[PDB]
Structure formats: C-alpha cells, structure tokens
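Student: Please find one structure pasted underneath; my questions will follow.
Every residue, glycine as well, gets a Cβ built from its backbone with ideal geometry; the counts of neighbours run over all protein chains shown. What is reported rests on the model, the rules as stated and the sources as named; these are not laboratory values.
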Amino acid sequence: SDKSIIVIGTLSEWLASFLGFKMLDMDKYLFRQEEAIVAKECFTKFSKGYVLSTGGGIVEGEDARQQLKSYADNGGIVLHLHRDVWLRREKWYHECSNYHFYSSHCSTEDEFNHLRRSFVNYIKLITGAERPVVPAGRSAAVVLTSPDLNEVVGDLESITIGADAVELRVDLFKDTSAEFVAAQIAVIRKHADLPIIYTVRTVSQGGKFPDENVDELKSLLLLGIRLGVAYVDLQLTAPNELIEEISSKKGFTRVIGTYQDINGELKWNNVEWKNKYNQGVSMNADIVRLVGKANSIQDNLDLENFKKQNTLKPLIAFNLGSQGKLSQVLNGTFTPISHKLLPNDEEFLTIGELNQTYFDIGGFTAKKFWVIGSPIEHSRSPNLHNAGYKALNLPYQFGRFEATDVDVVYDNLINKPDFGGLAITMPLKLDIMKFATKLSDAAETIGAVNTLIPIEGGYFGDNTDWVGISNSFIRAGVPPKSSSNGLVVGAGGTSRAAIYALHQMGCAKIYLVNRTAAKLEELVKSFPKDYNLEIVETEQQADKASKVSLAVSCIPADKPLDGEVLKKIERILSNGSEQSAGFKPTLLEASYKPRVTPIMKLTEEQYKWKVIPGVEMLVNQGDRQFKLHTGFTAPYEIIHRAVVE
Amino acid sequence: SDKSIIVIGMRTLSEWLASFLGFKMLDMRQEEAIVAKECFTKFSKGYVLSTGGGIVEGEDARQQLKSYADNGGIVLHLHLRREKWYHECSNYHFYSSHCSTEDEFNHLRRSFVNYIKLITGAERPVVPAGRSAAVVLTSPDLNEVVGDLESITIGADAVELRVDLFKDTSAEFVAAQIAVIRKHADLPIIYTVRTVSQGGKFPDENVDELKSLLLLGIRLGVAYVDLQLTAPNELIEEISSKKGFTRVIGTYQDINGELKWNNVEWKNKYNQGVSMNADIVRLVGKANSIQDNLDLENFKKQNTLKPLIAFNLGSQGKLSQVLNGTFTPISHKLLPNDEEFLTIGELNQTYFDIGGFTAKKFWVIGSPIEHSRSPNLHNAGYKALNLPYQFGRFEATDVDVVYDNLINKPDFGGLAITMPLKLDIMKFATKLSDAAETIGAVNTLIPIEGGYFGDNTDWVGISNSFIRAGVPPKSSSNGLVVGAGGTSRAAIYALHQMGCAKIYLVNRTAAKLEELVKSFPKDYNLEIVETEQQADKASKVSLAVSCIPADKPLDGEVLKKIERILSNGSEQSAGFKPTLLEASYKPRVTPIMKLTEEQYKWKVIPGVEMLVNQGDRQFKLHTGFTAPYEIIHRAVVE
C-alpha cells in the first residue's frame, strides 16, 4: 500500500489514477547494458508513488531479472498485463512477476465496464486495500461447472443472478493447465464482476482431479493466488507441505478449507467433524467448509446444532443429496447454487428455488414497499424493483402512493405490519427525516432522504442519490478515487447530492455556476470545509478553474441555456478537453424527462466530453435502493431494461 | 367391555350393534316394571338390551337407568317431550340422521364402529405414529360447506372442530355439527372449545358453559377432548377423571409472543401435561424469526415422555408446521383460514422442497398389463395430496427383470404385483406378513430397513368391499367361495377374519378343490360341499364370494349347489342383508351377479369395488397416507 507497482508487459496509468500514483515510463526515460544501469535507481529511488511501466524486452538477460525477483521477494509487486517472440518473451513475464492480470480485448461496452470493475477489485486485493470480506447476511455462490465457459459466454449475466461469488471448479475444465484456467478467469471478469472461489476438487472428495498429482495441484492453487482470486480452496485432507505452502504465500487471498463426506455415514456429532473444524482454525483459514450427505431430515437439524457450537471461524455447512435441501436453504454464508444452462450433478437449487423455499418456510416475509411523491404517475421505480423481485423470485411488491404530507404515509404505508421500505421523490425528502431514527452520514450533510427502511428501534434513512451519481461515473471510465476537481452546473434539485457525490470521488475544489448567487452561497454555508466550494462569478476564473473533469448538470432543462450562466460553461470545457488522467473527462445530467438536454449537446461534440444521461442516475440510485430494501444486489441487465423499455 | 349396552330412544342400529360385538339382543307399564329388573342383572353379561321408548315415562323407572351409569355401564341414546329424559339418562349419546346417498349411509355406519370401539373401550386410536395432519374446520355452520367436506378432509387424519366459533354454542347445535361430519368424514374429532385468552371466541368469565361443553365431547364419543392448561383446576380434574376413553390433548398458546423456546414456562407446561396424565401435549408458540423454529426442535428432543404437538405461528413459523410430526394443523380454501394454516398441497410441497420426501417411482408388474387401472388409481391420489410420486407399468414375466430394472434403483418406492408374478415375488420379502404366508401370494413389496416388506392386500379388498356395503367387521354368519380361481385363497382368508364360523367351497370342477384344505389350517374350517342335499345343511350363508370367471354361464352340478344356497338368504337375519362379491372387474353383469340379485334378492357388489379397496391399502402402504376415496373411485370407474 506504500511501495510501487512495477508493471511489465492504456491500463497502466488507469492504475496510477486509482491510488494517487503517477506513471513513469522507462521508454521515455531512455542496448541491454544501459537497460541494467537504469533498473538500479528507479526500482529503488522511485519506490514511493510511481507505476513503473517497463519496456517490452526488459527481461532479456540476467541483469534485471534477478533485480526484479529481488524486489518481488522483498514485498514489492511486479504486475503483468497479459495482452493475448511471444512464445519466448512471455515465459519470462510469467516467472518474474508475482501477480498476473489478463487484459483481454472488449468489443461491447458492458465488457469494458466489467474489466474496470474487476480491476478495481483486483488492485484492492494485491495491494492490501481491502481483503474480500465474508458477506453479512444471506449470500449465494454459483457453481460454474462448465468445461468451457465460452459455450455459455453469452448468458453469464443471467447465470450470476443472486450470486455473491462464482465457484470456479478448476478440475472440471477441459485441461487444467496453467494457461487454460487463466483464460477462463478472464471470461468471468469480462462478463461478471463477482469474487471467484478457486476450487480444485480432488477425486477423493467428489471431483475429477487425481490425488497423486500433488505437484500439479500446488502449481494450480499457486496460480490462482497470482491471478488475484478472492477465495482459494484448500482441502483439509491435503498434505502438510501443501496446506502450509499455500498458506505461507497466499498474501491476501482468503482460504476456504473443505472436507466433504462423500460416503455419507458420519453424522454431525462425531469427533470427525470437530477435528476438521479444528484443522481449519489451526491453519488460519478464513472460512471452514464442511459438507455432509443427508440420509434423513434429522441430519439437517443435526447441522443446525453443530453451527451453534462452532462460531470461532465462519462456517459453510450443508448436507448433499435430495434429503439435504433444508440445510442448503437455511445456510447463511455462500450457499452454492446452479443454473439451467450449466451442468448440475450435486442437485443445488437455483436462485428461484432457494428464495421460494426460504419463503415457504418463513425466512422472507411478504413485504410491501412504496414510492411516494406528488407527480408519482411519471415514475419508473415500480418498473425497476418489481423486475428485480421477479428475477430473484423474492415475494415483494413495489407500488405507488401519491402523497403531499408525511403524516398520511405513516398511516396508510408505514404503520402496516408488512411494510418494508419507502422511496421518496418530492420535497418530502426534507420532511421524511422526521421518522428516521438512525441517519447515515450521507443524509445529514445533504439534508435529503430517498430511502426509509425499518430497523430495530425505529427506521433507517439514507440518501442514495450520491451513489446514483458516483456509480454513474465509475461505470463510464472514471476511477473511484481520482485526483481531478469537479463542477456542478446549476443549483437546486439534486444539487446538494451532486456536491456530496463529487467530493467522495476525490475532487479537490468543486466549482458552482448558476444564474443567481443568492442560491449559490446557500450551498456554501450548508456544507463542510473540506469540500472547498468556490463559486464562479467572472469569466477570468473559468479560465483559471483548475483540473475540472467531472461536471454534473442539475439545472432544470426546460429553460434553455441562460447565457449569463453559459459563457463560463463554454469556457470550463475549453481548458480541460486534453487532460485524460485515467478517464476521458465526462459530464452527467441529473434529470430524466428529455432524453438529450441543452447542455449535453454543447459539451459532447463541441468540446469532446462524455455525456451520461439521466436514466443512468435512476438505475444506480435504484440499484443501491434495491440493496438496502432487500439485501441482494439487483440484476443490472433487467433493471436497466425495465427502466428504459 | 363384556357388559351390556342399554339402548334408549325412539322407535335397526340395535341388532347391528348386537351383530358387531358378537353379543345377543333382547328387545324390551306395571308389567314392564317387574320384568325390566332381572334382565339387567342375569341378562347383564351379554345381551344388548334394546329398551322401549316410553321407559323414561316413570320417575323411578328413570332411576334404574341411572343406577347402571355410575357402576360402569354403557347406557346409550340413539336419536321432543322425552329428550329431556333421554339425554340425561345416558353416559354416551349418538345421533342417527336421514341419509341420502350410499356413501352417506357408509360414513354413519363406519363412524359408529369407531365410536363403539371407543365407548366400549377395545381399541382406542393410538396417536398416529406416522406423520399425521388435522383439518381445522373454522366454519360457523358446517351445512354451508357440506357438499365439499369430503374434499376438505383430504390427507387429514383427524378433524379439529373449533366449538367456540360456531354460530350457536348450544348443546343442540354442536350435536348437529357433529352429526353433519360423521355423515361425510370417518375421522377422529378433536373437540376444541378455545377461550378468548388463547385466541378464541368463547369467553373466560363463563366457566360453567365451558365445562359442560367438553362434557358433550365425552358423551358424543369424540376422540380427542382439548383441555387448556391455564384453565380452572376443577375443570382439569373433571375432564381427566370423567374422560372415559376420549383422550385428552393439553394446549398452551402464546398469543403475545413473549416466550422463546428456552424459557422455563414451556417446561412447566409440559410438566402440567405429564402430571395431569394427558395423552398428547400441545404447545403453540409464535415465531418472530426463523431461529424460533430451530429452537423448537431442540425443545422437542428434550421432552419426549408424552407426545408433543409443537409448532410456532405467524408467517415465520411455517418450518415448525412442516417439520411437525403429530397433528400438524391444516386448512382449506373453502374454510375461514385466519391463523394462516397451510393446505394439504402446500404442506407436502414444502416437505418435498426441504427434503422430507423423495421423488420415488412405483410400478405395477405383470404380463397382461395393458389394461390395469392401477396407475390411474394411485396417480389420482398423489395429485390430490401433492406427493412427488409417479405410478407406471412394467411388463414382466420373470422376477429377475424386476430386480435389475425397478427394485435396485435408488428411486424405487414399491410394487403392486399382478397375477402371473405373485408367487415369484415372495422370495424377495425378508419380512412377510401373516397374510402373505397363509395365502401364498404377495401383491405389495415396499422397501424397509434391510430388505423389503411383503404384504397381501387382496384380503383387505375382499373384506373392505363387504364392510363398505353394510356387513359388520365381526359378524356371525357363514360364507361361500364359489370357484377356485386366482383370488380364491385370499377370499378364504378374508372370510375368516371377517368372522364367518364356516366357509363352504363350491367349485366348477373338483380337481383343484381338495388341495385348498391341505394348504389351509384346520382352524379356518373349510367344509367342501359335494351333493345337492348338502346344500340344505349349509347354514347361515350370507357372505358369499364369486370368483368363477364370466365365460361360462352357470349350469351343471355347480348351479344347483348355489341355487339352494342363496335361497337361505335374508331370513337368517344376522344384522345385515346377504352379500355376494364378484371378483372379476370387467364383466359388470356377471350371470352369478344376476342369479343372486334378480332372483334371490341379495346385495351384489361388482369387482370395481375390489380393485379400489385393494389399491386403498396399497396406497396406505406405499405412501403412508390415507387415499382420497372419491378421487380414486372416480379414476377406475371411467
């Protein structure tokens, strides 16, 4: 988190704009003898904040190769962006670098979004930013059991619905080489963004990997560490020179420790299950997985008493077979699921059946959510959430209620027993904080609430419009923590949530342009001092506005461009059309009703800025509203089809 | 139990009661005052004393009836100026009403047998050891839902009458609503008078009408009287000392939901069930989370002396109703389900999705299997109960293709063996029932622990076809097996355990005739009839069975034997009409069905009734569930 990341092999400076780093290309810094005298200094003196991209043939000769491995063994990160001599130079990229990422090419823009969403999560892992935490409540983990994911490459977004992770059964591939499994991980990252469970399941535990190949099993699990998977999967019956070899150089990849009862005769009260749990605590495993086989329904209730007595480490525990479906329904962390377009052998339920049986035994209640506001017929929130409840087979409904005061929505909507949450689109955003007991940090500094879920001791309240603007920039190329400044054209509306969104993306000074300074200074006194709200009022400042790259137009686009507001906005886009530090400088407009607004035309072909429309704010604030209401991540391919078509 | 039954009432069920117990009968002012005394003490042990209708007209003559009550007698009323003198001088009542259909006649004379098995005290219904359910009839008046009450009680092994929510809680109304359930449902009645502190509409401040309501449950002969546990202790010790043979369920409910299933209040309520000697103890909580269900299965395994109906409530306690074994409350679409109880489809659908059941496959095996009508019977019962099973056919001639294609598979559920393979499947049953040894054929092979169980349900189809047409289960008549066909040995065995003192074989030809006596025990007395003069000594024959095929119209030596046997029919009067049962399915008009009905006035029964009742006990053996009878009868008769 402190040192540098040597990149060997357009993605290099995007990594620089994530941690606040700056690129140092060694091609411009400048045959094989002067390449060794350069590798001495900058690999040690520029060991603070530089993403030291190298040339092509740096690995020629033993001069820098023993220098790269000296820094790779001293805690440093040598990273390889695999593109696609290449049979002779790539074989020194693979033995020098300790971390590998496959930057495969993307045609559609949804694949190019996933590869920057899976490279934030990759860099958050190998650097030490955030280890992949165990999910809080109920989570799933889809068991991708296809021998070639390119046969099911189109429907991968429909497979990973409800899943918090994917379970890459490595032994079930065509060939378990070093190169085929590294190419299948690039498919669940250009078509998904979930963490990967790297299961190499031996033949003594129910898979297709031979037990005598210990050296080919050590190499496979050491490769998954290099590719930055989030959950490596050792077995508790593995030899000690392979449990200790993996757990001494995992770095940050969490270890699930597994032992399945494939014969199916140990009930869940033996000392055989206390030892294998205690082997997982002794090897410092983040999750212990213990799989049984049910011969009756008592072994599912025998498992509910085993998990009570053993809560030291997180435990996955379920009973395989047709008589162990209850233990798969009642299991919290990483319940394995399957799909109809995948091969299925262990009879795991789908997400439509895991959520139906959890409703038929009373885990989900038939809750009712509402959206409130005075012009509520022109809304697309019941279109968005109901198509998310249908995809996950949740027993929820989302309806409308026209309201003007917050006293009526207490009686007709909130005081019901089946009430599950609200969503607010009115000046009721200011007056529904009367009900919120616990407010987030977003709701107090903005002074608006568009989500009202019930919790213990009252009700929770959060503004997700700052997610609705920050997420819309991240899905259009912007790093989540860049180093540019901001802009907000116009005040009023969702402008108080635009200023809170831009600072949390890492903007230094936020420049506000609007036709009335009386409502411009109101945003100045109502916000903290780390935000640096500098109103622009003269045209000389709009030339010297520093590093403006993320504008958010909150202006009502029924009145066109005022002119007295416009001569700065034509000038703001002038001096920043060439700075592209990790991202092309982009713009967002926070209203939905016209499909293209006056400001968006004037900035996309006249000044070369990327425009994101208002419907991409309705999804991303409805994505985060889906997570607070239900607890699941919404299917993005269906909430984006329901809000548009 | 060997004592008399003094039948009181107005001016059929008296001598049918005599024919059931094997007990004799004696029909019974100043000349009546002397003669009514000695027939109560020297005709005490044995005669069901049918007394008159004006016997209660006297003052002292009502007292000699009440002398029989407190000593331990079974004085009994069969149902305006004397109803206040009939219903007080009887420690058990019973209600006979006018019935329209033969199915309506059937349920009255079937729910009388389990009534008279209860109030005499022979075989009480002992707390069903499988996985039972109970329909919660929540209707104010059961004549509204009366056309569908056979569809309401489907898959339920008991009926939960909630007496509080009747529109009238009077003694005449509850005895009318029990009258309209024994006409359509031959099920045990759980008599629940629920008070307002536990979720009911009966008040708590009127204790006197609550005690006198549970006493109507003892006297109308219901099976389970509910007593509450937060009740007055004079009521608990009155419906546990005067309960008779009606069992006691003790309930406590948490209407608030302030107790979890680790509090000592649930332990004290189980010990109130153990100390009051209740048969089943009942504990209904309320689930505010799904953990409250798994806190219940750790209570159920720490408290196992008396059986426990333990289940939470609310929409978060559906696991506690699904995982419950004894008497899960179920409801219907046509009933006012207010505590959101499951239906019979939703209880089995949820038990399958959590792994209680498995998708099994049952088969019927035999060589001419193209027209069997056995898969149509069972598939009409899996559909009504929503069990996840299928029934199919497998043409077989040898028994080894059954073992390697059907039996050894992990989805094997059972077999229903037909004619050319019944003898061969006996080698697979590691536990044969007593009927399988005596008959010599097995038509049911269900898997058990370490092998398979082999039963012959052909005798219980020949038997239950008679009991469904008015013949008592233990009457005193004699029988006749006409033929020596494929079902001939089950019909000999079914005739003895019906209670015939004598079975008379009469065959087409005498080749396969004397072998039946060397292959049957001497206790099952089989007198072979030889000549026509021997038809005159054949006495009390009113339970005949024909299994001669309907290819030959009856003539020769055989016709003259049967022609003088059915002539001694209705005049013997063993409490029923003389009955013949044709064993062949397809020839609906058998010539022997004509010559016993259109000439000698017997009640003849076609072979569609035997094919159903053979499959009804196979359905109980294959699934553990009582089959819906109208749905499986209206699957063969098409």
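Student: Six or more apart or on different chains, Cβ atoms under 7 Å: show the pairs whose first residue is in the range A:68-96 and farther than 16 Å from A:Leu223 by Cβ and whose second is charged (D, E, K, R).
Tutor: Cβ pairs passing all conditions: A:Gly75/A:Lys3; A:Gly76/A:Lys3; A:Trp92/A:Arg65.
Student: A follow-up question, please. Could you tell me whether any residue of the range A:247-268 is part of a helix (DSSP H, G or I) and over 31 Å from the mean Cα position of the chain (by Cα)?
Tutor: No, every residue in the range A:247-268 fails to be part of a helix (DSSP H, G or I) and over 31 Å from the mean Cα position of the chain (by Cα).
Student: Still on this structure, I have one more. From A:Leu341, A:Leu349, which residue is in contact with an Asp or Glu (Cβ under 9 Å, 6 or more places away or on another chain) and within 14 Å of another protein chain (Cβ to nearest Cβ)?
Tutor: A:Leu349
Student: Would you point out the residue of the range A:379-402, among those that are of a type outside the set (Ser, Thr, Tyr) and within 14 Å of chain B (Cβ to nearest Cβ), that is surrounded by the fewest Cβ atoms within 10 Å (Cβ to Cβ)?
Tutor: Here the answer is A:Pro395.
Student: Identify the single condition in (1) of a type in the set (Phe, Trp, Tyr); (2) under 30 Å from B:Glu150 (Cβ atoms); (3) part of a loop (DSSP other than H, G, I, E, B) that B:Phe619 does not satisfy, given that it satisfies every other one.
Tutor: Only one criterion in (1) of a type in the set (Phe, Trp, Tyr); (2) under 30 Å from B:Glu150 (Cβ atoms); (3) part of a loop (DSSP other than H, G, I, E, B) is unmet by B:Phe619, namely (3).
Student: Please determine whether any residue of the range A:596-616 is within 19 Å of the chain's Cα centre (by Cα), within 30 Å of A:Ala136 (Cβ to Cβ) and surrounded by 21 or more Cβ atoms within 10 Å (Cβ to Cβ).
Tutor: Yes, the range A:596-616 contains at least one residue that is within 19 Å of the chain's Cα centre (by Cα), within 30 Å of A:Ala136 (Cβ to Cβ) and surrounded by 21 or more Cβ atoms within 10 Å (Cβ to Cβ).
Student: In the range A:327-338, which residue that is in contact with a helix residue (DSSP H, G or I) (Cβ under 8 Å, 6 or more places away or on another chain) and either in a strand (DSSP E or B) or more than 11 Å from every other protein chain (Cβ to nearest Cβ) (or both) is farthest from A:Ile256 (Cα to Cα)?
Tutor: A:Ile337
For every residue, the table says whether it meets (1) touching a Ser or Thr at 6+ places or on another chain (Cβ under 9 Å); (2) not polar (S, T, N, Q).
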{"site": "A:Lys293", "(1), (2)": "no, yes"}
{"site": "A:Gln298", "(1), (2)": "no, no"}
{"site": "A:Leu303", "(1), (2)": "yes, yes"}
{"site": "A:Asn319", "(1), (2)": "yes, no"}
{"site": "A:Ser327", "(1), (2)": "no, no"}
{"site": "A:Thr333", "(1), (2)": "yes, no"}
{"site": "A:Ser338", "(1), (2)": "yes, no"}
{"site": "A:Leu342", "(1), (2)": "yes, yes"}
{"site": "A:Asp345", "(1), (2)": "yes, yes"}
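Every residue, every condition in (1) in contact with a strand residue (DSSP E or B) (Cβ under 8 Å, 6 or more places away or on another chain); (2) assigned to a helix (DSSP H, G or I); (3) farther than 27 Å from A:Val329 by Cα; (4) outside the structural domain of B:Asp254 (by TED's automatic domain parsing), yes or no:
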| site | (1), (2), (3), (4) |
| --- | --- |
| B:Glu346 | no, yes, no, yes |
| B:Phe352 | no, yes, no, yes |
| B:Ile365 | yes, no, yes, yes |
| B:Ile369 | yes, no, yes, yes |
| B:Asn376 | no, yes, yes, yes |
| B:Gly381 | no, yes, yes, yes |
| B:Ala384 | no, yes, no, yes |
| B:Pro388 | no, no, no, yes |
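Student: Ok, one more. Can you give me the number of residues within the range A:356-378 that are crowded, with 17+ Cβ neighbours inside 10 Å and away from chain B (no Cβ under 14 Å)?
Tutor: Looking only at that region, the number is 6.
Student: Take B:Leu319 and decide whether it is within 14 Å of another protein chain (Cβ to nearest Cβ) and either hydrophobic (A, V, I, L, M, F, W, C) or not in a strand (DSSP E or B) (or both).
Tutor: yes
Student: I want to confirm something. Restricting to the range B:279-312 and keeping residues that are in a loop (DSSP other than H, G, I, E, B) and buried (at least 23 other Cβ atoms within 10 Å of the Cβ), which single residue is farthest from the other protein chains (Cβ to nearest Cβ)?
Tutor: Step by step, filter the range B:279-312, then rank; the result is B:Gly285.
Student: Could you check the range B:320-379 and list, in sequence order, the residues that are closer than 23 Å to B:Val136 by Cβ, β-branched (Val, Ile, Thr) and within 27 Å of the chain's Cα centre (by Cα)?
Tutor: Within the range B:320-379, B:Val322, B:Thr326, B:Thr328, B:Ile330, B:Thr343, B:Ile344 qualify.
Student: Right, something else. For the range B:49-72, give me the residue count where each residue is under 20 Å from B:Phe245 (Cα atoms) and surrounded by 19 or more Cβ atoms within 10 Å (Cβ to Cβ).
Tutor: Here the count works out to 1.
Student: Looking at A:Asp530, A:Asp558 in this structure, which one is under 29 Å from the mean Cα position of the chain (by Cα) and surrounded by fewer than 17 Cβ atoms within 10 Å (Cβ to Cβ)?
Tutor: A:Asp530
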